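Engineer: First the structure, then my questions, so here it is.
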Amino acid sequence: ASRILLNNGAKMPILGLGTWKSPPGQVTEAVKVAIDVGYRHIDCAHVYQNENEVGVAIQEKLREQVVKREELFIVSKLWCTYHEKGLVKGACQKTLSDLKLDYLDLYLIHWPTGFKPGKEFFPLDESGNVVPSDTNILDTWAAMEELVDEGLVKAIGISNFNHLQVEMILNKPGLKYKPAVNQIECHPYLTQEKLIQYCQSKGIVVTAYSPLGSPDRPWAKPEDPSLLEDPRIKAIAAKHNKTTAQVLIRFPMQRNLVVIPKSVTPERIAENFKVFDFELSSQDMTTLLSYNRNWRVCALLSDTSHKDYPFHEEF
Ligand SMILES: NC(=O)c1ccc[n+]([C@@H]2O[C@H](COP(=O)([O-])OP(=O)(O)OC[C@H]3O[C@@H](n4cnc5c(N)ncnc54)[C@H](OP(=O)(O)O)[C@@H]3O)[C@@H](O)[C@H]2O)c1
Ligand SMILES: O=C(O)COc1cc(Cl)ccc1C(=O)NCc1cccc([N+](=O)[O-])c1
Numbered sequence: 002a003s004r005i006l007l008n009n010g011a012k013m014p015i016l017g018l019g020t021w022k023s024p025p026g027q028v029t030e031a032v033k034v035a036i037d038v039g040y041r042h043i044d045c046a047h048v049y050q051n052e053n054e055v056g057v058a059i060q061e062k063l064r065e066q067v068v069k070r071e072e073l074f075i076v077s078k079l080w081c082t083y084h085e086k087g088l089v090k091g092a093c094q095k096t097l098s099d100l101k102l103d104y105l106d107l108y109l110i111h112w113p114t115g116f117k118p119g120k121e122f123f124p125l126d127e128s129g130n131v132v133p134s135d136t137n138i139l140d141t142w143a144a145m146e147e148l149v150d151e152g153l154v155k156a157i158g159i160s161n162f163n164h165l166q167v168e169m170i171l172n173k174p175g176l177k178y179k180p181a182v183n184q185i186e187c188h189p190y191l192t193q194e195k196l197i198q199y200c201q202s203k204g205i206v207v208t209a210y211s212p213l214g215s216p217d218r219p220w221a222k223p224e225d226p227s228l229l230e231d232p233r234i235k236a237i238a239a240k241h242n243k244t245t246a247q248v249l250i251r252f253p254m255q256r257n258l259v260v261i262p263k264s265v266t267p268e269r270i271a272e273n274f275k276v277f278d279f280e281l282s283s284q285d286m287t288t289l290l291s292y293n294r295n296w297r298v299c300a301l302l303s304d305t306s307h308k309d310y311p312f313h314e315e316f
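Each number in UniProt numbering corresponds to the 1-based position in the sequence shown with 1 added.
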C-alpha cells in the first residue's frame, strides 16, 4: 500500500519529499515537479527557511487543478526556540501562514531539546554552547495537543526522541493524544532496530529521514561514510536495474516505515518516486541491515549537555 494508517484515522503516504537544504530559489520548482510526478507528502520545517516557497508551489498546483488539499499530506515541525507553551501556537500559525494552509496533516516536535527563545535558531553562549530553555517535554506536548483541539493540525508527533522520551509522553497522566509518528534518522549505517521495534510496538508510525545519508549536510567531512557511493549497495541496485538511491528508499518502505528523500533536481525527484515497481529480496534486506554502524549524520555536539539531548541513551 502507498499509505499507512495513523492513530487519528488518517492515512499517510509512505513516500514524501524532503525539503531541508532545498534553497528557496529552487524549492518551488522542486515541489511543483514532485506533485506532477505523484508525490502527495511533503516534509517541511520552519527552521528550513523555505516554507513560503513550498507554500507557493502547493498553491499553484491546487489552482492548476492537479491536486486538491485533501490529497496532500503536509508535515511541519515546531523549532527548539518555541517550546515554551505560550509560543507554540504562534509558531504553528507562522508555519501555516507561510505554507498558505489552514491546517497541517502532521505537526512534530522537531527535537526534544528546548533552546533559549529569541530570533536565533541556535542561540549560543560566548564559548559555543547552545543555550537551553527551561522547558520540558511534557508541557511542550500539552501545547501541541491544544493545536489539534483547535483544528490547526490533524495529528501531532515527535522527532529525534529516544524511547525513554517517547515513554515520558505515553505515560503522562491525562494524556489527550498519543504521538502518531516519531521521525528519526534511519538508513543502512543507522538501522535503528530497537527504536523502531519500540515505536511500532506502541502503535507509533516511524518516518526515516536522511535515507540517502544526507550527503549535502553542511557539517560533512570527506572521510565520512557515504551511502550513495557504497559499492556494496551499488551492487544490489545493479542486480535490480535500479539506482542506489532507489534501493535506499525502497529499503525502509519494506520495514513498514515512511521515508522522505530530499532532492531539488527534477530528474532525481522523479527517479526517487519510481520505487513501487520492484521488491528487495529477503537477502537484500538482511544484507542492508547488516551494514549498520550506529553512525549518525544528524546530531549537535554543542548541545550534548542538554538535559533532553536524545542520543546518550542506547535507543
Ligand atoms: N526531523 C529532523 O530532525 C530531520 C533531520 C534531517 C532530515 N529531515 C528531513 O529528511 C529529509 C531527507 O533527509 P536529508 O535532506 O538529510 O538527506 P537525504 O534525503 O538523505 O539526501 C539528500 C541529498 O541526496 C541527493 N540526492 C537526492 N536524490 C538523489 C538521487 N536519486 N541520486 C543521487 N543523489 C540524490 C540530494 O541532492 P539534490 O537535492 O541536489 O538533488 C541531496 O544532496 C530532509 O530534507 C528533511 O525533510 C528531518
Ligand atoms: O534538524 C533538522 O531537521 C536537520 O538538521 C539541521 C537543519 C538546519 Cl536548517 C539547521 C541545523 C540542523 C542541525 O544542526 N540539526 C541537528 C540538531 C539540532 C537541534 C538539536 C539536536 N540535538 O541533537 O539535540 C540536533
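The beta carbon of each residue, even a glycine, is placed where N, CA and C say it ideally should be.
Tell me the DSSP secondary structure of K22 in three-state form.
Structural biologist: Coil at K22, not helix or strand.
Engineer: Which of helix, strand or coil does DSSP assign to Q27?
Structural biologist: Three-state result, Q27: helix.
Engineer: Determine contact between the stretch 110 to 122 and the stretch 297 to 309, defined as no fewer than three beta-carbon pairs at a distance below 8 Å.
Structural biologist: Touching, yes.
Engineer: If you drop the 5 nearest sequence neighbours on each side, which residues of the same chain put their C-beta closer than 7 Å to that of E85?
Structural biologist: The residues are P118, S134, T136.
Engineer: Compare the C-alpha of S202 against each of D150, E168, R41 and name the closest.
Structural biologist: For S202, the nearest C-alpha among the options comes from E168.
Engineer: Using three-state DSSP, classify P267 as helix, strand or coil.
Structural biologist: Of the three classes helix, strand and coil, the one that applies to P267 here is helix, per DSSP.
Engineer: Where do the ends of the alpha helix (DSSP H) carrying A238 lie?
Structural biologist: Unbroken alpha helix (DSSP H) run through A238: 232 to 240.
Engineer: For the candidate residues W142, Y292, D217, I5, whose alpha-carbon lies nearest to that of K22?
Structural biologist: The shortest Cα separation from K22 among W142, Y292, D217, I5 belongs to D217.
Engineer: Per DSSP, what are the beta-bridge partners of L6 in this structure?
Structural biologist: DSSP output for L6 lists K12 as bridge partner(s).
Engineer: Just to check, is the beta-carbon of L301 closer than 7 Å to a non-hydrogen atom of ligand 2?
Structural biologist: Checking the Cβ of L301 against ligand 2 gives yes.
Engineer: Using the Cβ count rule (16 or more neighbours within 10 Å means buried), how would you classify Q66?
Structural biologist: When all chains shown are included, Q66 counts as exposed.
Engineer: Span of the alpha helix (DSSP H) holding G87?
Structural biologist: It spans 86 to 100 - the alpha helix (DSSP H) in which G87 sits, taken as one unbroken run.
Engineer: Taking only heavy atoms of ligand 2 into account, decide whether any of them is closer than 7 Å to the Cβ of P311.
Structural biologist: Flag set: Cβ of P311 near ligand 2.
Engineer: Could you compute how far the alpha carbon of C299 sits from the alpha carbon of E186?
Structural biologist: Their backbone Cα atoms lie some 7 Å apart in a straight line.
Engineer: Whose C-beta lies closer than 6 Å to the C-beta of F122 among residues of the same chain, with five residues either side of it excluded?
Structural biologist: Same-chain partners within the cutoff: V48.
Engineer: Let's test the definition: count the other Cβ atoms within 10 Å of the Cβ of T96 and tell me whether it reaches 16, buried, or not, exposed.
Structural biologist: Counting Cβ neighbours within 10 Å, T96 comes out buried, since at least 16 surround it.
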